[PDB]
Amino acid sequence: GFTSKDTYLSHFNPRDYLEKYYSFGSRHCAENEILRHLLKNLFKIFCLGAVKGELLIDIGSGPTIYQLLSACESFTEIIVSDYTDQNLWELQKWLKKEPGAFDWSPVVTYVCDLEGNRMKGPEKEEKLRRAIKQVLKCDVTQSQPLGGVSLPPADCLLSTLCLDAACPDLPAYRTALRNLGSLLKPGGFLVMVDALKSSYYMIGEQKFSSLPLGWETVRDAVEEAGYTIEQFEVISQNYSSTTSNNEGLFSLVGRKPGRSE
């Protein structure tokens, strides 16, 4: 049935994932086009609006940092987290500037271009490394997703391409949303990106399930979780044939309501 979290542990190859989706090279052209659009939207979200603060927690980061490049302009501290241990190790290779770490330069350069070339690649990378304070295990399915570690409430919760993969059905998706809210202060921002109407994605021969949700369904689930949707955009691009069956992606910004009861 739907991919279990133990299948992630035993099947998810971080370096392979990065090469296939985030190399930003001459192949995987559909994946490149989506990446371009994601970077554009994340730039708008984090640089052009009021999504700023002290602490941002990224949920289901996997081995990627593309989703944090504009964010580090607006947040002093970033916590990254994922369920899959090997993803966390891959991330650490890059954070620690190790030989054989994934080459993020073409992505970094693109983001720097988007932001008006106020800094160069090396400076942007240093800024993000400094911003990333913790690399933690997380499980979105749990009432306490970070295992109940003592952390201040976040000003922003970010999650990219995670919830659809981690939730077998809409009731589970609703639960994951509730679980995430436990980490966010009232007035805080929820920034989410995910595939639309996708029931699977591939990493080579390895297949991983996805919950196919249309944009209206995502809207309704987020609103019913209490969030005022401040921004919502659809990315009309599709992943490569046989790589996924998605029809576009979305990005959104929600604000958690003030405390009442």
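Residue numbers here begin at 1 and follow the sequence given.
Comparing 98-106 with 81-89, the stretch with the higher mean C-alpha B-factor in the PDB entry is 98-106. Mean CA B-factor, 211-219 versus 28-36: the higher value falls on 28-36. Remark: of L136, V111, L183, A166, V111 shows the highest value [criterion: C-alpha B-factor in the PDB entry]. For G53, the recorded CA temperature factor ranks within the highest third of the chain's modelled residues. When the CA B factors of the chain's modelled residues are split into thirds, the value for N117 lands in the highest one. Among the modelled residues of its chain, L128 has a C-alpha B-factor that falls in the highest third, as given in the PDB entry. Among all modelled residues in this chain, the alpha-carbon of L42 has a temperature factor (C-alpha) in the middle third. Per the PDB record, residue ranking by Cα B-factor puts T160 in the lowest third of the chain.
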